[PDB]
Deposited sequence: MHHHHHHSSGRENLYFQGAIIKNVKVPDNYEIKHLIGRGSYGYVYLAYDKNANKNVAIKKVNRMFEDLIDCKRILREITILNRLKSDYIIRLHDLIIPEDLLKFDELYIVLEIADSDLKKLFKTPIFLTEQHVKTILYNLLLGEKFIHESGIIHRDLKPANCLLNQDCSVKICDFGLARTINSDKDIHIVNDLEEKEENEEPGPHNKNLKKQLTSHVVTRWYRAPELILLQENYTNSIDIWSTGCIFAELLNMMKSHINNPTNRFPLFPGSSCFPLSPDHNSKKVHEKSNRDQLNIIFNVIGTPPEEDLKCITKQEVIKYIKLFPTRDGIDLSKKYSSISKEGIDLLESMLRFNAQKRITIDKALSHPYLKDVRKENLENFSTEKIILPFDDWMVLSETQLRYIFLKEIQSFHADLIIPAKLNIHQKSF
């Protein structure tokens, strides 16, 4: 006769944080509502377990933490605190304290509520302002999806979950539904256009919330749900399949970017087909709206609409705030680099320095230098 309210049990955090309840979960973390006595505010606390088993996963959480700690924007979720581990040399857990948000787009999409088109617009624009800041800081998030676009009741969007981000120069559930084809196809280089693609996918799901497109909330679906999310060739073949089913086999101009012969030949062996007509799928929105949607979802990363053009797109004139597009921020420097293979030792050092940024007096063990 166990109590389900024993989900709070595993969460051990300094006494100034009062754990209230569970709010959300992903493939890596469970996150909890908590009240902070010292700051007088609600916060979110992400707990990540088993964090040195796999070192690729370890690096992931370091990247998430180091990025958010060096970002300063109302459109990116704030890093409120990092809790000192009790065992500084052998800790396998980490408590990440974040600015709280009311919700997230994945939750909204499941709720039995309908949005107006102004809502859709307000939200997409807010998302794009966030992506702009990510760009101007010389980062590509690389894994934008409904789960990591947090939402507040006033329609403001806060981006999170930067563990897959890259800089501009075990087994888990893995969602490939918002991945750009170039990424699916594993091409050498890529730009922020990768985040615009993801934005297009999200936009389709924002469009689903209008009653005139979908009368019954039960039946809102992602645009590209091809890949299976549970544990390279087959998963990506299905994800590439469904993308072509929607936007079409690509034309020759789109294939000129590609470097490797075998990839072109892989592509070319998907039977030629035309897209769906998205105007017919989303037939309550203007031709401008559909233009914005179709521009974000171009196979050609080069022809895909840019952040700046999406912000200034006529479909969003009604909500645009050119005042907020113009800000000044520098390219952040991360305390490690993408290529760097790093030891447990070295990764524990960098964690503790970040934790030290929030806790001035923390002393890093000599063993970890």
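Spell out the unmodelled ranges of the deposited sequence for me, N- to C-terminal, numbering from the first residue. No C-alpha coordinates exist for 1 to 13, 183 to 213, 276 to 285, 424 to 429.
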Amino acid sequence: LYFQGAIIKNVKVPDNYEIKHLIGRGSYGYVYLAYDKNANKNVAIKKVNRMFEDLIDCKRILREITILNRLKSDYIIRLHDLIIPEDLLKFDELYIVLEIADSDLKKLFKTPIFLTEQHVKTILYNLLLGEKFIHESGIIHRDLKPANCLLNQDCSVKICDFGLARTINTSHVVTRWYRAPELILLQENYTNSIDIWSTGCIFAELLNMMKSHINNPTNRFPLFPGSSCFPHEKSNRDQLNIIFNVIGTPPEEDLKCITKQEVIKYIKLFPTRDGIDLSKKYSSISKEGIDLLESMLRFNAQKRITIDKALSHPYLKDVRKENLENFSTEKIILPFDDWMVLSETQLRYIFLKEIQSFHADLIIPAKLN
From here on, numbers count along this sequence of modelled residues.
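Quick check: 199 to 207 versus 244 to 252, which has the larger average CA B-factor in the record? According to the entry, 244 to 252 carries the higher average C-alpha B-factor.
Per the PDB record, is the mean Cα temperature factor higher over 66 to 74 or over 330 to 338? Per the PDB entry, the higher value belongs to 330 to 338.
Please work out which residue in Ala147, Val157, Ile194, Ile258 has the highest C-alpha B-factor recorded for this crystal structure. Highest CA B-factor of the listed options: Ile258.
Out of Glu99, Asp87, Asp161, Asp104, whose C-alpha atom has the biggest B factor in the entry? Among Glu99, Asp87, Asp161, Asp104, the PDB entry lists the largest C-alpha B-factor for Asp87.
Sort the modelled residues of this chain by their C-alpha B factor and say whether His135 lands in the lowest, middle or highest third. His135: CA B-factor falls in the middle third of its chain.
Which third of the chain does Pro222 land in by C-alpha B-factor: lowest, middle or highest? Its C-alpha B-factor belongs to the lowest third of this chain's values.
According to the PDB entry, is the CA B factor of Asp291 in the bottom, middle or top third of its chain, that is, lowest, middle or highest? According to the entry, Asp291 has a C-alpha B-factor in the chain's lowest third.
What third of the chain does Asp238 rank in for C-alpha temperature factor, lowest, middle or highest? Middle third of the chain for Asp238's C-alpha B-factor.
Should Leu269 be placed in the lowest, middle or highest third of its chain by the C-alpha B factor in the entry? Answer is highest: the recorded C-alpha B-factor places it there.
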